[PDB]
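[1] one piece of my complex first, more on the way:
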Amino acid sequence: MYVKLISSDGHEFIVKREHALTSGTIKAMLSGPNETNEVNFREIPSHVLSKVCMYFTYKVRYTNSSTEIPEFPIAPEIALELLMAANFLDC
Amino acid sequence: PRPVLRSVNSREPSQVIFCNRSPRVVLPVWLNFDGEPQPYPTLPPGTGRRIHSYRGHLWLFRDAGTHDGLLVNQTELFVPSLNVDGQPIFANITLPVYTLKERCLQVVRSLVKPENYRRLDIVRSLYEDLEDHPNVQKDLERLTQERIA
């Protein structure tokens, strides 16, 4: 039902498994070498990983919907780190 | 020789309303009779225009600044049909649900000149991703191959 995503700076984000499974990387990390419901991201800080969790909510809500789709906002200060995260997570 | 994605030269008028339901400035692109993309006057956000078109003509819509792909009635392509009654055909233009990666590329592209991509402190593969700008001609080839299967 839920999983926990932990940033490099120790912030814990609790998210619906279904939402987090948007990321193929996260799917593989959950399955593990022995499954787990927690995942640590050693190179993704909290201000980035929070935005990633917001994107999961966005994607799940607005995919296959007749309702008008708003922009996913990205501040310039976060854009580059978020791109790096997005590249790694493949979502 | 004869591209699959082309407007047909019917001379059957079709009244269309281009309705911009996105926050982007929209560029309407008409595929001519040889499948070549032809730009039309842009639509600001929050606007719609009644347009003269024809049946069997092919349209797609892009961000006018960046050429990012947009949807029209929930798909890539739009083809006017016969006006039933006096009703114009609505072409509702909306944002896709971009991947997070693509949305980040859009924002980085908007802040950084192409010549300065290589000055960013990122992996080489992300440079290549930044340089691969959204291309009308490339998306047509994609849609053409999908059309067969």
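    The structure has been received and is ready for your questions. Residues are numbered from 1 along each chain as shown, chains lettered A, B, ... in the order given.

[2] host element of the residue nearest to residue A:60 when sequence neighbours are not counted?
    Nearest residue to residue A:60, sequence neighbours excluded (CB to CB, 6 or more residues apart in numbering or on different chains): residue A:19, at 5.5 Å. Yep, even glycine has a C-beta here, placed from its N, CA and C like the rest. In this structure, residue A:19 sits in helix A:17-20 according to DSSP states H and E.

[3] What is that helix packed up against?
    strand A:2-6, helix A:24-31, helix A:46-62 (3 or more CB pairs under 8 Å, 6 or more residues apart in numbering or on different chains; DSSP states H and E).

[4] Name the residues that touch the first one?
    Outside strand A:2-6, the residues that touch it by CB atoms under 8 Å, 6 or more residues apart in numbering or on different chains are A:12-17, A:20, A:26, A:30, A:37-41, A:49, A:52-53.

[5] next one: the longest one
    Taking contacts as CB under 8 Å, 6+ apart, the residues outside helix A:46-62 that touch it are A:5, A:7-11, A:13, A:15, A:18-20, A:22-23, A:41, A:44, A:69, A:72, A:74, A:78, A:81-82, A:85-86, A:89, A:91, B:97, B:100.

[6] tell me how far it is from the chain's mean position?
    Centroid displacement of helix A:46-62 relative to its chain, using CA atoms, centre = their mean, to the nearest Å, is 6 Å.

[7] Over to stretch A:52-71?
    13 Å.

[8] Now do the buried residues in it.
    By neighbour count on 16 or more other CB atoms under 10 Å in any protein chain shown, the buried set for stretch A:52-71 is A:52, A:53, A:55, A:56, A:58, A:59, A:62, A:69.

[9] same structure, new chain, call it chain C:
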Amino acid sequence: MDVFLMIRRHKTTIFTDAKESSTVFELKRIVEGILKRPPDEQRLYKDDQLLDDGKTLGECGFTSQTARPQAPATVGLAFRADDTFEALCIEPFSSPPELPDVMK
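    To build on what is shown above, here is chain C added in:
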């Protein structure tokens, strides 16, 4: 009438949706399921404003427009544990680095 929330305490953050017609108490039950602490042992806040259990989320000011998927509204959370409730303490996220010169 779906509303998208970030329930935050210390360095913990829960992303969940809820109805405007749903109540604060119904939100505590969702928190209970996740964090394994009952409603009576938790307070919910709206910028240091103690939310009444009987009140709806809409009445608390968590409208659909104000609490979107891309920009969820924050709900403060504080637990009792010891004897009295602990003070609300939402730890802020890390600061972004300086914008590169090329992006200026």
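
[10] Chain C added, so what about the contacts of strand A:2-6 now?
    A:12-17, A:20, A:26, A:30, A:37-41, A:49, A:52-53, C:34.

[11] which of those residues count as buried?
    Those of the contacts of strand A:2-6 that meet the buried threshold are A:12-16, A:20, A:26, A:30, A:39, A:41, A:49, A:52-53, by 16+ other CB under 10 Å.

[12] So of those residues, which two are at opposite extremes in space?
    A:16 and A:41 (17.6 Å; CB to CB).

[13] Residue numbers of chain C in contact with chain A?
    C:2, C:4, C:11-17, C:34, C:68-72, C:91, C:93-97, C:99-100, C:103 (CB under 8 Å from any CB of the partner chain).

[14] Out of these, which sit inside strands?
    C:2, C:4, C:12, C:13, C:14, C:15, C:16, C:17 (DSSP state E).

[15] ok, the first one - contacts?
    Residue C:2 makes contact with A:61, C:17, C:18, C:19, C:64 under the criterion CB under 8 Å, 6+ apart.

[16] now, which of those residues sits nearest chain B?
    residue A:61 (9.2 Å; CB to the nearest CB).

[17] List only buried entries from the residues of chain C next to chain A.
    When the residues of chain C next to chain A are checked for burial by 16+ other CB under 10 Å, the buried set is C:4, C:11-17, C:68-70, C:72, C:93-94, C:96, C:103.

[18] three-state assignment of the one residue in chain A that gets nearest to chain B?
    Closest residue of chain A to chain B, CB to the nearest CB: residue A:83 (3.7 Å). Under DSSP: H, G, I helix; E, B strand; the rest coil, residue A:83 falls in the helix class.

[19] Any chance you could list what contacts stretch B:137-148?
    For stretch B:137-148, with CB under 8 Å, 6+ apart as the criterion, the contacting residues are B:3, B:4, B:5, B:31, B:35, B:37, B:60, B:69, B:76, B:77.
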